[PDB]
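Let us start with two forms of the same protein chain, each given on its own as structure tokens and named structure 1 and structure 2.
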Structure 1
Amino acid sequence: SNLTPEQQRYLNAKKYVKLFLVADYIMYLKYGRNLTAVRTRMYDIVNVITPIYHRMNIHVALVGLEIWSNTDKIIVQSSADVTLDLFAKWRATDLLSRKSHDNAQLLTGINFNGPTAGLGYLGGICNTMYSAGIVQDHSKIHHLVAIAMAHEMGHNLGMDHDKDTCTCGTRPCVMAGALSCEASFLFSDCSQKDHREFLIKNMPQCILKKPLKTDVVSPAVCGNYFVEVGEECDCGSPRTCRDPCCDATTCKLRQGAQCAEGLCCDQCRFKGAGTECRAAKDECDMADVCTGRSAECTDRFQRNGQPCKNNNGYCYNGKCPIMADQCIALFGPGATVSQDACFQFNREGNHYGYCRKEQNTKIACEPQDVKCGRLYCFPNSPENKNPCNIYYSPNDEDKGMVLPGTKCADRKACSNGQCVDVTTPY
């Protein structure tokens, strides 16, 4: 109730963690230079992690797998801390450059200094440079290694270590700071909360996108609640399965049934074509309709240029980019758009003030394209004595620039560093 319609809508949204596992050189050697063995080892670990996170309304999906059999791609060392750091960086510049994934975990055969069996950036989930974690293949029992991985992933998802009071049952919980073969596959009531609050406050977007059945590289497992290649539906085990449209025993649709789950499926039958499946959430969202011959129901948004937010902007691919909200995202609450005069600094085409970067140079904004270059904000505070303040980033000079589609005038929005009319398909 206290949660915005979006927050509640976010929490209710099923979660997916497109995971990308990585086995290091020692893992390859550890398993007799047998890629099949290493690969299988990982698959199993996943078969333990998946059912664990189901109780968190999160489906871990192995969308990728890499075994450094020819040689490691990062200086994996006894220092769990350094290893994590190097792994994350590699993951940010190398891996993410060729394979899109929500989180990556490193399974190494090396032995980290001290009792630590893994590390994972707290809340780093979805984050390009922090949604990672490392785990030592510390025990022969893969069930224990999986828990270790779930632990690290637990951190990535905002969860902390269980404190004395925290409980999940009569045995230790995944987030217990110390392992043991008496460890369960349950998260303490604390973890449950920490996670929830984390989600509410951050709402990491990436964990919302469901991977394609083909994106999953893990051997299809019937009963894991996820329809994988070769399966028609997955409602879990015959005992837990609650969908009459599916045969939990073989993961196949039952005679007559055309679909099992989905917004466009009622009583095991494709909803009539034209029937609405998803209503409009905002003034830029367009109610979705069922094709009638499919089980899914793609999402569509209003046509760009559609006035939104009391005529303060124009819809852009479902969103309503306002120059005001952008300042609040760059500097925080209370932040406001600097007066017009400020944007005139874009006509200088200097290091920060510009509109477009054709090749690598900087083109000064045209007198009528100023509000499309660098965004000048002003934190509405009785302290700040500067009306014009920009948000620069040495790494990305685009960061801090007026987002595309941002209303730069009446019936106009920024396309490519220029204030153009919103009456033209953009």
Structure 2
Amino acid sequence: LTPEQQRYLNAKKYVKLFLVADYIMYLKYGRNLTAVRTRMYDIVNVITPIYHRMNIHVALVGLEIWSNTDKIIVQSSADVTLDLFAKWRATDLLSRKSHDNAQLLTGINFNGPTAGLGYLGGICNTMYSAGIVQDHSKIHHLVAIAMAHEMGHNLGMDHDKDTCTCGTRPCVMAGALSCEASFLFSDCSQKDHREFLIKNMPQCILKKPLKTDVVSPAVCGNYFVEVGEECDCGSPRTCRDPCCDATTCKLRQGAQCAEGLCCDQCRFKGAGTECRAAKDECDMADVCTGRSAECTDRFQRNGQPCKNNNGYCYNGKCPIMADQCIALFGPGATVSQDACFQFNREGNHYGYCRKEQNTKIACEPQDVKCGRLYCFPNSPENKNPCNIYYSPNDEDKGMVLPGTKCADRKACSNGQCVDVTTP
């Protein structure tokens, strides 16, 4: 592995789940919205500890009930419904509520013995981080396991086969519905999922949700501080935090904090102390305010020469045209010769500098290095020296990232090559 891979695997995971309940669910629970939410909370309350054994904390960030009419056409075909649900999420849900993954809890019966369906490895994706689960049984922990199963597939896991085991009982990723299903993941799932994160490093599961963005009732002992709680270190038997009274999820007497790089023996660290040290050339070691328990990640002032003077620090990162190119057209790609950027002087369709409202502005002679990026899909053959990455859905994609080095001591700001405001 690499320094970034292993560093990622270590980071605590979080799945900001958005749950949707269809019109059949609303009817199923006697047209009582509270009853439908309580059902979803019960389900999440089971999913959460299940995913703790996988270094993931499922947090309910959104909830919606189609008590008026379904936003899509929920149907017997699991395939059609899933497709319809994902798209609706991509185009309607995400636009008004950010979240990492959505699950449709429907009361309809899917054709066949299947109780759910989901996109393999679609986690975090704006178009595929979705799954559908049939509220197939009165016993909610079984519905919970099914949803955890679909979430599993989203997380790169495949059905358990031959050798795979987790004990004397079926595991979450078992191929079919078994009422003896346990809450454990098999070694195989452990592995396939490990590999999966190693291969794609989905960024959205690193963001811990604010304790105020989590809409499910607080659960003391689920390893996550929620509204109404000062700390959560698990049950009293497993709680290792001496600052936390595990029984009440409240700080013990005399404690100001429990966790944080700015907490120490239940007390804030002195205003001045250093909590997090710089991770790279563009990051800067942080300090505690003596007042808060948290450590704000401050970065090295933007415009700081970085990556062997091939760019400049921009909010903790070092944007480089070369990286952008290899990121847009894969390995081997290189930045197009300078003459190619003259195409940004057209303000035509793909070549322009910025957007007033929706109207494209052409790059002035000195700003061509800040409009559309030009690369050379490196096959030494490729005759055409200029190539761009364009998207109809979002025209910004393919433009030179802000803060990108466009000349000595110069980086793009808003479609303009301007001098670093640093020495």
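Under this definition, the rigid core comprises the largest set of C-alpha atoms superposing within 1.5 Å between the forms. Reference numbering: structure 1, starting with residue 1.
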Exercise. If you fit the rigid core between structures 1 and 2, which of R41, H59, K362, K30 ends up with a C-alpha shift of 2 Å or more?
Worked result: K362
For this session: Would you say whether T336 is displaced between structures 1 and 2, judging by a C-alpha shift of 2 Å or more on the superposed rigid core?
Result: no
Problem set entry | Post core alignment: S180 C-alpha displaced by 2 Å or more between structures 1 and 2 | no
Exercise. For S294, is the CA shift between structures 1 and 2 at least 2 Å following rigid-core superposition?
Worked result: yes
Exercise. So, with the core fitted, how far does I141 move at its Cα between structures 1 and 2, in angstrom?
Worked result: 1.1
For this session: State the core-superposed CA shift for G272 between structures 1 and 2, in Å to one decimal.
Result: 2.5
